[PDB]
Amino acid sequence: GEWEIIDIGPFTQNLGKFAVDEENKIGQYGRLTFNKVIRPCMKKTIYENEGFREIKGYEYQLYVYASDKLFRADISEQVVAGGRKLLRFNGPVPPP
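Residues numbered from 1 in each chain as written, not as in the entry; some residues may be left out. Heavy atoms only, no water.

The protein goes by Single chain Monellin in the PDB entry, where it is assigned to Dioscoreophyllum cumminsii.

Enquirer: Tell me what's going on with the side chain of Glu23, and back it up with residues and numbers.
Expert: Take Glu23: it is sitting in helix α1 (residues 10-26). Buried within the structure, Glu23 lacks any salt-bridge partner; its nearest side chain of opposite charge belongs to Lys69, at an N-O separation of 11 Å. Those residues in contact with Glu23, other than ones at most four positions away along the chain, are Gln28, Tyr29, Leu32, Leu86 and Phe89. (Helix = DSSP H or I, 4+ residues; strand = E, 2+ residues; numbered from the N terminus. Buried < 20%, exposed > 50% of the residue type's maximum accessible area, 1.4 Å probe, protein only. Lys, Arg positive; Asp, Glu negative; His and termini not counted. Salt bridge = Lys/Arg side-chain N within 4 Å of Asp/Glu carboxyl O. Contact = heavy atoms within 4.5 Å.)

Enquirer: I'd like a rundown of the sheet that holds strand β1 (residues 2-6), residues and numbers included.
Expert: Sheet strands pair by backbone hydrogen bonding; their relative direction is either parallel or antiparallel. Pairing within the open sheet is antiparallel, and its five strands lie in the order β1-β2-β3-β4-β5. Each end of this open sheet is capped by a strand with a single partner; those strands are β1 and β5 (85-90). Going from strand to strand, the sheet's axes swing by 20° on average, the running direction of each strand aside. Note: strand β4 (residues 69-77) against β5, five bridges, orientation antiparallel. Looking across to β5, one finds that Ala73 is bridged to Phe89. (Pairing = 2+ DSSP bridges. Axes fitted to C-alpha atoms, helices over the stretch in contact; angles between N-to-C directions.)

Enquirer: Help me get a handle on the nonpolar core, residues and values and all.
Expert: Counting 18 residues, the largest nonpolar core has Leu62, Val64, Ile75, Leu86 and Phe89 as its most contacted members. Counting only elements with at least two residues in this core, the list comes to α1, β2 (34-47), β3 (55-66), β4 and β5. In terms of residues, this core owes the most to one element, β3, which gives five residues. (Core = buried A, V, L, I, M, F, W, Y, C linked by side-chain atoms within 4.5 Å.)

Enquirer: Could you give an account of the packing of aromatic side chains, naming the residues involved and the relevant values?
Expert: By the definition in use, this model includes four aromatic pairs. Taking the centre distance of 5.9 Å and the plane angle of 50° together, the rings of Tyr29 and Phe89 count as tilted. Of this pair, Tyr29 sits in the loop between α1 and β2 while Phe89 sits in strand β5, and the two are 60 residues apart along the sequence. With 5.0 Å between their ring centres and 35° between their planes, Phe71 and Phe89 make a pair best called tilted. (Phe/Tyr/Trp six-rings, centres within 6.5 Å; stacked < 30°, edge-to-face > 60°.)

Listed below in structure tokens is the structure:
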């Protein structure tokens, strides 16, 4: 895995909306209203450990406000677009 911080622009905010949408299906935290994704947002790029030295997927680690509480959500993304999954959604957590 390799790590980088990405901005919290539209792509990142939409990851946050996805996370909230998916958590609403579960219902652990009742019915949440997405507010906004705040810094820092981390992107993990996952590589196959042997040649051809290749990317097998991504994971995003977000701090997202929903219904005015702060949550940590981890989201996986496949190489073939449109395979996103909510891995973890935990909180409330203290601010970064």
